[PDB]
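Notes to accompany the following structure.
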Amino acid sequence: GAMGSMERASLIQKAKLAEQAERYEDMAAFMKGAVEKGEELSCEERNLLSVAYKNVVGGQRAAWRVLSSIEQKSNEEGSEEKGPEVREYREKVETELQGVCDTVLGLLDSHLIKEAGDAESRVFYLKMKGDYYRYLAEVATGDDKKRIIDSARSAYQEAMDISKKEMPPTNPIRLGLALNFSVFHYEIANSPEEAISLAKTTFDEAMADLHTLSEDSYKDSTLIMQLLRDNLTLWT
Amino acid sequence: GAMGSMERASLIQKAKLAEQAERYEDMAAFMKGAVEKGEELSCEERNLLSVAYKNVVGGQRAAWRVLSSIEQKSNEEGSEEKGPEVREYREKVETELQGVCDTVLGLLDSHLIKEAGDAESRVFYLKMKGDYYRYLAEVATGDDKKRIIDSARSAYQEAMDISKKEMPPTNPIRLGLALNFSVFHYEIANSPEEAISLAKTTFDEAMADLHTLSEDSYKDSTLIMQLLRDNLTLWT
Amino acid sequence: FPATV
Amino acid sequence: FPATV
Ligand SMILES: *CC(=O)NCC1CCN(C(=O)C2(Nc3ccc(Cl)cc3)CCCCC2)CC1
Ligand SMILES: *CC(=O)NCC1CCN(C(=O)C2(Nc3ccc(Cl)cc3)CCCCC2)CC1
Ligand SMILES: [Mg+2]
Ligand SMILES: [Mg+2]
Ligand SMILES: [Mg+2]
Ligand SMILES: [Mg+2]
Ligand SMILES: [Mg+2]
Ligand SMILES: [Mg+2]
């Protein structure tokens, strides 16, 4: 651990500075260092961890898609053979992406999930586990693709089961989990009807619970509800 | 050289792919590898090199400014002492920026500038040398700040002398050099009158040469002329 | 591409 | 911040 000599509090402070400077690779390294101190994370710290790696892997995914599109075109009929370079560079980006996903999954497995006993923390980490297996599934083409997909499904499902038992239907973690599991169904599991059913049921159950909320909680919940509606509009 | 085993042509191809994927750190590493093959660069290759490092250092500069602003505020009257972390992280970003600048200056010194005999290539590289000394000057606070500033000035001045002798006033390299040397005067050399004079004279001399140009050359030249006008509007 | 958080 | 190329 290159962060092993830095104070936990200093790592958290620098992660926040890195976020302000849009230095997300640095942000992720600082938060990895903080996790490796071994203490459980607060809600704010969990958010810093997730924001950091979301931005890093999000950029990798965008680049992988650009390169995969070029590679696909290169293998159409009538395309000029241009050598191994497009595949090689897509593979380079892919391997870096897989490395980031493995790093995040490693932090969750050693030992964030097993020490997370409150519903809000456990669901949050299990959602992340589903998310990073989902990103691995996006680039998987070989013997383990089915097992990677099932690993995503299993983590999301455990998170869903806890969230339905322990959190209200407007809870933003519960909503965000459902949003992403619905995308998993649509884009990864080839299950668009399940994706639509999940998004619609989540939206309607949340609508019926908004009356219990403060103005600030209402703002949080309806923002994610609009994302559910946005996806439903895309899919129907 | 980690790129030492890759073909020159493959490095150039991958730099172009990296640009399309907005992977500018990769782009810069590929083009550094290409330069280190030892052959002179074509115009297109010079552009790839400059675009790559411009984007890398541009992001570093933006982050350094965010962090330096936070640090300055931290040292105002009535600011709560928050420890060494802001300074430390600004220093980290600063050192990385200085490293990128030293890398680019190293490529120019070993051996791009000395092998560049045509006006268009020599002016382009000398402009880059002025630019990367200028970025070093932006963060310099110590014994060598004056020498760093003079290194920028000297490179820009040599480029200016060649450009005025050998290129027409609408040449985009000549225009871009003048734009950046004018900014050097305003922001680094504390010479706003020189900055304004240079931008205005460059603009007016280019205006009087537009009649000689094709439609495509006119588009290229007037785009940079508008940047000169934009700066003049900022400064007057 | 659909929305995720 | 002024324009450069
Ligand atoms: C510690 C904790 O409980 N964090 C959950 C927060 C809920 C509010 N919130 C959001 O609504 C946005 N991001 C996320 C991220 C993950 C999840 Cl599971 C839900 C929501 C919604 C998108 C825009 C950014 C905030 C932040 C996290
Ligand atoms: C090989 C060569 O001669 N390159 C110079 C090109 C001139 C046209 N051009 C531009 O106008 C823009 N970029 C630059 C970059 C460097 C210099 Cl010295 C001038 C202009 C102008 C800003 C927007 C991007 C193209 C590219 C390079
Ligand atoms: Mg300690
Ligand atoms: Mg692979
Ligand atoms: Mg159901
Ligand atoms: Mg060769
Ligand atoms: Mg320093
Ligand atoms: Mg003069």
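Every residue, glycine among them, receives a Cβ derived from its backbone with ideal geometry; neighbour counts consider all protein chains shown. Each value in this text was obtained by applying a stated rule to the coordinates, not by laboratory testing.
Just a few scattered comments:
- Given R0 = 25 Å, the distance between the Cβ atoms of B:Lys114 and B:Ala9 translates into a calculated FRET efficiency of 0.55.
- Dipole of chain B, positive end: most advanced residue of B:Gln13, B:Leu177, B:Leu105 [Cβ charges, Cα centre]: B:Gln13
- Placing +1 on each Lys and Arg Cβ and -1 on each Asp and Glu Cβ, with no other charges, gives chain A a dipole about its Cα centre of roughly 160 debye.
- Once the Cα-Cα distance is subtracted from the 0.36 nm per residue extended length, the A:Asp230 to A:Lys146 segment shows a gain of 27.4 nm.
- Note on the protein assembly as shown: Cα Rg divided by 2.2 N^0.38 Å, N the number of residues, gives 1.16.
- Electrostatic dipole magnitude of segment A:23-84 [Cβ: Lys, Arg +1; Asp, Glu -1; Cα centre; debye, to 20]: 140
- With bins 10 Å wide beginning at 0, the percent of Cα pairs of segment B:98-160 falling in each bin runs 25, 53, 20, 2.
- Segment A:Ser79..A:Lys37, full-extension length gain: 9.9 nm, with 0.36 nm per residue of separation and the alpha-carbon distance subtracted.
- Percent RCO, i.e. relative contact order, over segment A:8-235, from Cα pairs under 8 Å lying at least 6 residues apart: 13
- Whole-angstrom Cα spans of segment B:26-94 along principal axes, big to small: 57, 17, 15
- Under the span-like rule (Cα at least 15 Å along the axis, Kyte-Doolittle mean at least -1.0), DSSP H helices of chain B: B:8-20, B:24-35, B:43-74, B:85-107, B:119-139, B:172-183, B:192-207, B:215-235
- Simple point charges give the picture: +1 on the Cβ of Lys and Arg, -1 on the Cβ of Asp and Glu, and for the protein assembly as shown a dipole about the Cα centre of about 40 debye.
- Pairwise centroid distance, computed over Cα atoms, of segment A:214-236 with segment A:116-160, Å: 23
- Shape annotation for segment B:1-119: C-alpha extents along the principal axes are 57, 31, 24 Å, from largest to smallest.
- Whole-number D in µm²/s for chain B (Stokes-Einstein; Kirkwood sum over Cα pairs; 10 °C, 1.306 mPa s): 82
- Other residues within the sphere of radius under 11 Å centred on the Cβ of B:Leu112, judged by their own Cβ, net out at -2 (K and R +1, D and E -1).
- Anisotropy class of segment B:69-175 from Cα gyration tensor, a/c 1.5 cut: prolate
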